[PDB]
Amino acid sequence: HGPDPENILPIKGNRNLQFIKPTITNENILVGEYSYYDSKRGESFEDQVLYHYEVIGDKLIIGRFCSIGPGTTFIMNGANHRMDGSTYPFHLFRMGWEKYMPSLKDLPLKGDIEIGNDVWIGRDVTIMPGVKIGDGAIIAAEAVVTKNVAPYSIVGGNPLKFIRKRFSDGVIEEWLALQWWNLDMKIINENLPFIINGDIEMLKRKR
């Protein structure tokens, strides 16, 4: 039948694993249903989002059915200094330095962090500003996601290194055409055997 995506703690007695969406407080963090964060000590998913400021307007977007490993960190665009000259943020200390407060054109802003659906993000991963992660990708533990990740690619390391693609490009096209995460959830439920077990040529044929 399925659990409730509005239930913050969907596992009996487990107070560390949280469905991300219901916990969110912040307008510009948008996470899909059923995506969870396995906490380390019960900290919120947002507590893992860092350098996130309304002034900049950048968003963190996560798809449906994503796995976020404990300690995964999201570094938003507020982290990058001005690099035209000296990087030191003089204006932060005020006392006559407030005058030199930069505008957003002066900063190296990279865009929103956007993570697709069915992404397995390993433990203690760090995601840097502006990176896109395709559907069905696997981020190895301890990875620092420095660049974009193709759908159904396995990556890892610091800086990020491409390892393998989970399936062929032909099977990858078929998974991206089917987009099971976007189907009505009665249909997800009566095909879950096939989604879990990766027999694309069965769902091939139902549609």
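Numbers follow the displayed sequence, beginning with 1.
Colleague: As stated in the PDB record, which stretch has the larger average Cα B-factor, 196-204 or 4-12?
Modeller: Averaging CA B-factors over each stretch, the winner is 196-204.
Colleague: Do the CA atoms of 92-100 or those of 115-123 have the higher mean B-factor in the entry?
Modeller: Comparing 92-100 with 115-123, the higher mean C-alpha B-factor belongs to 92-100.
Colleague: If I read the C-alpha B-factors straight from the PDB entry, which of 158, 48, 179, 35 is highest?
Modeller: Going by the entry's C-alpha B-factors, 179 comes out highest.
Colleague: Can you work out whether the C-alpha temperature factor of residue 151 puts it in the lowest, middle or highest third of the chain?
Modeller: It falls in the middle third of the chain.
Colleague: Can you tell me which third, lowest, middle or highest, the CA B-factor of residue 167 falls into for its chain?
Modeller: Its C-alpha B-factor, which the entry lists for residue 167, ranks in the middle third among residues of this chain.
Colleague: Sorting the chain's CA B-factors, does residue 77 end up in the lowest, middle or highest third?
Modeller: For residue 77, whose C-alpha B-factor we compare with every modelled residue in the chain, the answer is the highest third.
Colleague: Classify residue 108 as lowest, middle or highest third according to the C-alpha B-factor given in the PDB entry, relative to its own chain.
Modeller: Its C-alpha B-factor belongs to the middle third of this chain's values.
Colleague: Quick check for you: using the entry's CA B-factors within this chain, is residue 25 in the lowest, middle or highest third?
Modeller: Middle third of the chain for residue 25's C-alpha B-factor.
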